[PDB]
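Each chain gets a letter, A, B and so on, in the order the sequences are listed, and its residues count up from 1. Only heavy atoms go into these numbers, but all of them, side chains included; no hydrogens, no water, no symmetry mates.
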Amino acid sequence: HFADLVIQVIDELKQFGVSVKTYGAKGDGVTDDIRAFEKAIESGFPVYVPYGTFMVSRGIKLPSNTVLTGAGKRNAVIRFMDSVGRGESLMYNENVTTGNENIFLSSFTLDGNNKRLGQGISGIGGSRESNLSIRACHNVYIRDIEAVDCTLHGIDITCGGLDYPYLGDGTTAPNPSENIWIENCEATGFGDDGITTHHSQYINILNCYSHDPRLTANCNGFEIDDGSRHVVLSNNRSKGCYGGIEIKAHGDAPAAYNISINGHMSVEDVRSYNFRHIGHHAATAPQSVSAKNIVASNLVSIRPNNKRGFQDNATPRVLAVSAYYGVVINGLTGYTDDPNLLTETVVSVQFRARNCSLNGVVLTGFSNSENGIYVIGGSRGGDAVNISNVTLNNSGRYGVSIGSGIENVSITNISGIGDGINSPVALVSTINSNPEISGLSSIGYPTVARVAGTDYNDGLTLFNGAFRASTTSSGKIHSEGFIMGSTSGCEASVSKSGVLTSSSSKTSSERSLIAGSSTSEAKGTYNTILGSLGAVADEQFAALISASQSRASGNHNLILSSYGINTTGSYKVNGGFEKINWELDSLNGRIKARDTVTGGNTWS
Amino acid sequence: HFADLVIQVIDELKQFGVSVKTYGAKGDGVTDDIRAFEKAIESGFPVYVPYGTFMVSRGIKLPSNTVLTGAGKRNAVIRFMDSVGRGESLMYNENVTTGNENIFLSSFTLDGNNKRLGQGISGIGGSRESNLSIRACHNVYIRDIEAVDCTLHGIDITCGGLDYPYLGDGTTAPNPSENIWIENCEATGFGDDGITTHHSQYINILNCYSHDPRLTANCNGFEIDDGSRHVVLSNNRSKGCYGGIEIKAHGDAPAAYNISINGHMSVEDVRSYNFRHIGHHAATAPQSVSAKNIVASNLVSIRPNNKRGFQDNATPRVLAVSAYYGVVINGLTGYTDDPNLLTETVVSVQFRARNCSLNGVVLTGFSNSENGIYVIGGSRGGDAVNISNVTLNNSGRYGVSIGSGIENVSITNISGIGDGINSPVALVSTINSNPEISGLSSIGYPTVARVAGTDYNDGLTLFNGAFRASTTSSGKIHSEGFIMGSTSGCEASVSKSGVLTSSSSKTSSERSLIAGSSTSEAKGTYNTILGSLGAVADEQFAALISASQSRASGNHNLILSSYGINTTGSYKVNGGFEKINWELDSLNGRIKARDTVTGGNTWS
Amino acid sequence: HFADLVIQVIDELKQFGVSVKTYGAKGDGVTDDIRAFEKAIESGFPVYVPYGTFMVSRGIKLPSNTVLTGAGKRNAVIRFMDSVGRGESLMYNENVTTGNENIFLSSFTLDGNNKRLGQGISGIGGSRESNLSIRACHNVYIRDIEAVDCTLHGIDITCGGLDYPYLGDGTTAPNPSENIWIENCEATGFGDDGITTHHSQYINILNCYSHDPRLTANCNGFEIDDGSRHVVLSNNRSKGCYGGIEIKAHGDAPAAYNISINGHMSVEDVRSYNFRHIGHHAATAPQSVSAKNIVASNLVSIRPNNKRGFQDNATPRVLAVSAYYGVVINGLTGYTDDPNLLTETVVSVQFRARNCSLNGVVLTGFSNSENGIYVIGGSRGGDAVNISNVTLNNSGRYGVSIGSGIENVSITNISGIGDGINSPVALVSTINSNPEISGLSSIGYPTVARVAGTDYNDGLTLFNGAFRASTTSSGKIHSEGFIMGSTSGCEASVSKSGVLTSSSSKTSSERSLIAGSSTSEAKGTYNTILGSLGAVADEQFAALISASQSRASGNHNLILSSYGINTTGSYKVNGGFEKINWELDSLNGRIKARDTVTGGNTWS
Ligand SMILES: [Ca+2]
Ligand SMILES: [Ca+2]
Ligand SMILES: [Ca+2]
Ligand SMILES: [Mg+2]
Ligand SMILES: [Mg+2]
Ligand SMILES: [Mg+2]
């Protein structure tokens, strides 16, 4: 009774808040301590969990304004008893349907004791049976928690209700969680996902470690799932999962949107980064109206593989994007030391993914994979894929491959070493005839660029649309036209028309060229105007060379070395000065001079 | 007296350092505990604050080499009493003017009890009345502090002195703070800013949350203000403020410089990212000499709006840059679900901002805004704006708009969906005639590119300056000139001069073209040389076609199908072989042959 | 004996785990507490270190499954006694050769008491004598540790064994450490490095501060050394070191590979970011087979200098890359306010570095440095250097300089202010004749671009390889060829061949041009075809203008204004319609008509 008096004095000091041991907890790894937790938690004081293994016969419910802190991971341990049945998460907020506010959890281990159920078992339904489930809550800070041997997830942030709602694409579920911080947490040995979000927003997941699920279904390190939005993940690590970071939805739910990945390291996952929207992948399916806005940077992928046979032996990826609009990837390094682990495609952008950008990519060691980067589109309006500053080190028989359905591709500054690849084919390959391409460099690929079946092995620069260079202003240029090295006032307004080295000169002539000229105009077809001033060619095949103030208006009518004449004859070459003065008549075989025609001349 | 004996033994154990309760603190929410804090703090031991609300009748002064740690946010709470007057911050370093060293603060709530003053009140002047003020200090670590109901700022890092110094642009204030770490802190209900820096350097602000100011002036989540430099912000969140992150100075102070934003999430702020230097915005004002170097990446902006009417109903922005030189933005996602919240410009670069770069941008939902990105310049030398890899999803009647004063613009890989926009106009619009542009893709915009009033709807590629392609080396090329498909030794050295498909061929001829030639030279004006070897055209309108070793030196003198002749006649077509052998004289209407002229011929 | 009874009750409560004071530790700064630490650590309980300076006469050995936590930095202090000899780290895992698992260290100061040895002393050999040495361990979390006055390193993660292994390039040492987290740690006053990794993998180093080594050799803030791989550093700061972050190996070891830097701030280091592989730098040395894959972003460098004379007065750098393949840098800001601190090169890519990319760079104040960015290559196959979106503010007499051995360079969107530079030369300078360049803007540089000795001051756009614009598909284009403004079916298959404004027209003619034509073909040399339909030029210097269904097969044979003729004469101009009808014979000086030749004509 002396020790009990001393303890009473210590308890009253409340150095940490109130200890659970003050309310009767033993933390001996045997005794049911649930009532002690419930009493401390309802007391209104911040609650402290000291050293021990605190056994619990039912889930710990958290009310609003809870502070629960432990002595640390693997120091304060909270654990389900062997006798606990099915249906409850180990720790969760009390108001399951409308939520709670202001919950601060730090520094302990949650052990779900999934072992007690035998092997091969996951959550019984919906969000039930995670180690930590946060439903419809606002202002939740989760820090330095280790979640171990979990039946469903390690840590799950979701909307109100025990079930996950499936309300269809383009919806938002009632009672989201909001303002959540998950930092320095670890999740392992889970049945589904390590750390996951559903139908919630304004979430930061920082410096966490999720690894080694028990099962081999859709078991992801970080799963930003159905209904999520406005989430930042940064400096996390995943290991040995299906997806490292998955961002998705099911077919009957809205995809996660506006998600930022500010650095991540994926170790030996199947698909390190896996962004998708089930049910919105097929050509005959609707486009997702929710799968939009992902910005990911400083992404690391190491030895992706499917040794464990996740998802019925799904093929490995460094990055897989499907369904999503507006994905921006900057700074990606994929590395492997075993060429047989991933043999299909290292990076894929397919299945209705659109308006995606990849910049600053290094892929090394994928020497038995068919494709480094493989993009397939749907001939959708306003689509684009931009791939720039990519370096491939023995990665991909096709380094960058662009398939069907892609009309707008920009591929710039790609370099590749192919010497160590098993049967390399081409650094860059394109199905469409009009990719935009520049800055290719390679060694050990038999072909550098293959564009719609034509090989380019000595450098390539391809640009699309109306073209203009070395010209500070101009009028209209047709998409099959150009103006170069010209001063103001020029136009090339029809298919196959162009102006070079001229001033104030215009062509509306299909199949035409004006060069070295001023104030000249071509307006027929098959027109040529060269080194001329105030020249007009206005009939089919009409042309002028070294002419001033002259108009060629005849069919196949050419004017040479002339000033101030207008000609109209068919198949005639003419010259003159204020009046026509000679003619070579190809039609009738006549030669005519205004003055004399003579032989026996000398030029001195 | 037994309990007091037990307590004495516990106190002597010093398990945390020394508790404030050992020095008399009650932490009961009523009793003035200031003397207990002062005694513990002056004792030389690390100081611990256990569970309680510790009331204080004056500010807590911190000397050098202080360790002050609490039981945690909302566990250890430190609070001004209702009776406290004006002028003091709740917690600050003792040496206000020359500073202190080595201060380590962790795990407690600071409650400024601004309520006690009535509503609508902010700091009485300068840096006075923040929850935490650090002045002229070196080596300060601030961790897991919650700052609540603050009169001025939540956390303020500043130079020595109670007042903020206003020494003019280009200055550095004496006694900066240096080496500061602010991590996992929260600031809310403040009068000015949540977390702010002044006249200080070498600062990391990490994983903090600043939200919901009391007032509606320049009330920012994170304000990197007057005199700041060498600051990193990473993985912070701001919500419901004027600026999410503001980087600035007032007119009579140096702007913050060399600031890095390594990821941020802004939720429902007015201007999520707002970089400016007051007094250095107008065309007739001086350029800031201090506003330089901002690198920002992985920036998230959500539902920017001005529902609260901050700053006299300032218009919302995802990003606003003014005054600053050298701003690099990479990976920006702006998202809204309410088109009426922001109706002017989503991203603006204006008011003397220069040498700015935006890459990897996704803007979605801004379907009633006039401009997606709007850039205005000042025709300043060495200026540039680079915009690349941008995707717009129903954001901006003008997607990317370039206004006046901009001579150097690069706009590449821009795509836009305009179908859901209220009256869309153009994906890209340019006032200047010479933007550099490529890779535009759109649906639902009536015009794709409008360049100085001319529409391009079928693809566009525009480049500036001297142009060269498919040519590995050359001599000089004029800015209104080009060389293409040529081997070494070519030049096109004057306005409107160009060489195609040639070797060792040079033109200094204004309005000229050399093609398909070798060792040829044009040096008059209006010169054409085609399919020739060793040809020279050296007079106005002189030309040669299919000629070898020949020189055309006459006015409008054309040589055809010839070898080894030099001609000088005006308005003459000539041919020959070592000597001139025929002539078509346009001037006088004469035709001359050296040998015979005959009719009645056949060609067999 | 009453106080001892109370203490016994407290000890039994185990509020933190077990305190070292329970096992006899005094923490008085004098008494040897090693046996108390050893007893607590072997007890199986988590171990707590309360307030005190705990002196230790030998290193603290950590077994597997250790939890050791203190009252905090500068609160719980662990220190070597003055009498301790040489050879031991202060704290290390017990199994030096095969390693330990599951070690969790938090919240204390390690004071190595290097002072006790006199000044100028470092580790006696290999990994011996760091404050904290982790050898061959799995699952180690190191948090909130301050490492002070260290003999060797502050914190060292290494493989098994006391010595560092030197097994040669391309090897992997046995018994790596794996899964290591180092967060919020500080290292200072060390003999070698602050925080370093060797022969280990899956490591995150976050929010740490390494500064001010005692010595002036290879003394780095963060050194990712020999054998390291799969490491993320983020939001760390280094100050006053040789390298801020060094990534390297020695000559007889494999370089660190697949390293991510997700933001860093370097303050007054010599080489802020220094990536190298000793022994693999010289032209006559082997290429490193291990130095691959570095992705670094949001890098800050401030006032780099060598005031302390590190490494025999090595010259300062913002960034130095050598030996490494596949380095991607995005978002770099270098800033200085003292132009005399760094006078050679701000950023260097040299000494066998290859396939490197720099994007989004701002360098300001380096106004007495010779080079802003200086790249040297080795004429290696598949090499590339990409430099884009760079802004220089009075930094570098040569802003961007490309030296010898570089065949593939892309330099885009570079702008520079040179007005405040001491004798500026050129914004961009290139030794090679064929750099790819666009988007240059400058003020205050006397030359904008100098390309192999030729100056371009008015804008430049240079592209390499086969060129095509405003043409949606084509057949083959030679690398010294082009097709522009054309529709399908065109080819330009040989050197110096090109097609403009045409349809289904092909040239295999060296030095040729087809323009404004359809179904035409050039297959000789020196061929010109203009404004023609179904025209063939198949002999040297043959040409056709305004011709339909005609073939020019003569030497220097030109056809004009014709239909349906085939000509074969040498030095002849011909025209006709189904048959040849006139000829101008340059060879013999004859003029021939099929019908009449007449003078005295008029054209009305
Ligand atoms: Ca899952
Ligand atoms: Ca403010
Ligand atoms: Ca070293
Ligand atoms: Mg899920
Ligand atoms: Mg301010
Ligand atoms: Mg080393």
Side-chain angles (χ1 to χ4, degrees), chain A residues 3 6 50-51 71 74-75 235 263 265 267 298 300 302 331 333 335 360 362 364 389 391 413 415 417 433-434 439 441-443 454 456 458-463 467 480-482 496 498 511-513 526-528 541 543 556 558 571 573 580 584 586-594 596-597, chain C residues 6 9 14-17 46 67 69 202 206 230 232 234 258 260 262 292-293 295 297 326 328 330 355 357 381-382 384 386 408 410 463-470 472-473 476 479 484-485 500-501 515-516 530-531 546 560-562 575-577 581-582 593-599 601 603:
Chain A
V6 173
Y51 164 74
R74 305 201 179 189
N75 188 334
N235 293 325
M265 183 195 299
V267 180
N298 299 296
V300 182
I302 298 145
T333 167
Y335 177 97
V362 191
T364 116
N389 301 307
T391 179
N413 296 329
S415 60
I417 302 161
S433 66
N434 64 336
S441 181
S442 69
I443 188 161
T454 304
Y456 289 91
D458 301 302
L460 185 58
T461 300
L462 308 176
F463 283 102
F467 181 74
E480 294 167 334
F482 59 82
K496 304 174 291 295
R511 300 176 182 91
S512 62
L513 181 71
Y526 295 96
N527 295 305
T528 311
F541 299 92
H556 293 68
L558 175 64
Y571 301 93
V573 191
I580 300 163
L584 311 174
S586 303
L587 215 210
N588 304 297
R590 291 171 201 149
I591 292 165
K592 301 172 153 195
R594 181 171 295 274
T596 57
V597 185
Chain C
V6 173
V9 175
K14 279 168 190 136
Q15 294 200 295
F16 306 90
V67 176
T69 141
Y202 317 142
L206 309 172
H230 317 311
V232 168
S234 182
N258 199 45
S260 161
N262 187 31
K292 297 163 151 55
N293 293 53
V295 178
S297 307
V328 174
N330 201 104
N355 296 269
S357 183
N386 308 317
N408 297 268
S410 177
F463 283 102
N464 289 341
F467 181 74
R468 194 182 68 188
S470 52
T472 61
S473 65
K476 176 67 167 182
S479 65
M484 298 185 55
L500 303 173
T501 59
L530 305 169
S546 289
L560 305 176
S561 295
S562 293
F577 188 88
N581 287 153
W582 56 262
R594 181 171 295 274
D595 190 39
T596 57
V597 185
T598 54
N601 288 283
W603 279 257

Which atoms of [X] come close to chain A, meaning under 4.5 Å heavy atom to heavy atom: side chain ones, backbone ones, both, or neither?
X: C:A469; answer: both
X: C:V232; answer: both
X: C:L206; answer: side chain
X: C:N330; answer: side chain
X: C:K292; answer: side chain
X: C:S357; answer: side chain

Shorter than 4.5 Å, heavy atoms on both sides: which option in [options] has the most such pairs with chain A?
options: C:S473, C:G575, C:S410, C:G485; value: C:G485
options: C:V295, C:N355, C:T596; value: C:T596
options: C:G516, C:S470, C:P46, C:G465; value: C:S470
options: C:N258, C:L560, C:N408, C:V328; value: C:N258
options: C:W603, C:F463, C:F16; value: C:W603
options: C:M484, C:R594, C:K14; value: C:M484

4.5 Å side-chain heavy-atom contact, C:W582 and A:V573: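 Answer yes - side chains close enough.
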Contact check, side chains of A:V362 and A:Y335, non-hydrogen atoms, under 4.5 Å: no
Going from [atom1] on [X] to [atom2] on [Y], what distance comes out if it is rounded to the nearest 0.5 angstrom?
X: C:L500; Y: A:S512; atom1: CG; atom2: OG; value: 10.5 Å
X: C:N464; Y: A:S441; atom1: CG; atom2: OG; value: 10.5 Å
X: A:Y571; Y: C:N581; atom1: OH; atom2: CG; value: 12.0 Å

Under 4.5 Å from a heavy atom of chain C, the part of A:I302 involved: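 Contact with chain C: side chain only.
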Residue part contacting chain C, namely of A:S442, when any heavy atom lies under 4.5 Å: backbone
For the interface with chain C, which of [options] has the highest count of heavy-atom pairs at distances below 4.5 Å?
options: A:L513, A:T528, A:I580; result: A:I580
options: A:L584, A:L558, A:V300, A:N527; result: A:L584
options: A:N434, A:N235, A:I591; result: A:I591
options: A:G459, A:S586, A:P50; result: A:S586
options: A:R74, A:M265, A:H556; result: A:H556
options: A:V6, A:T391, A:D458; result: A:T391

Side chain C:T598, main chain A:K592, donor-acceptor under 3.5 Å: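 No: the side chain of C:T598 does not pair with the backbone of A:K592.
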Results of salt bridge (charged side-chain N to carboxylate O under 4.0 Å, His left out) for A:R590 - residues two or more places apart only: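 In terms of salt bridge (charged side-chain N to carboxylate O under 4.0 Å, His left out), with neighbours along the sequence ignored, A:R590 is linked to C:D595.
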Non-hydrogen atoms of A:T333 and C:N293 that approach each other most closely: OG1-ND2, 3.0 Å
Polar contact flag, side-chain donor to acceptor under 3.5 angstrom, C:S260-A:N298: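 No donor-acceptor contact under 3.5 Å links the two side chains.
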Ring pair (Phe, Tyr, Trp, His ring centres under 6.0 Å) partners for C:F467, two or more places apart: A:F467, B:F467
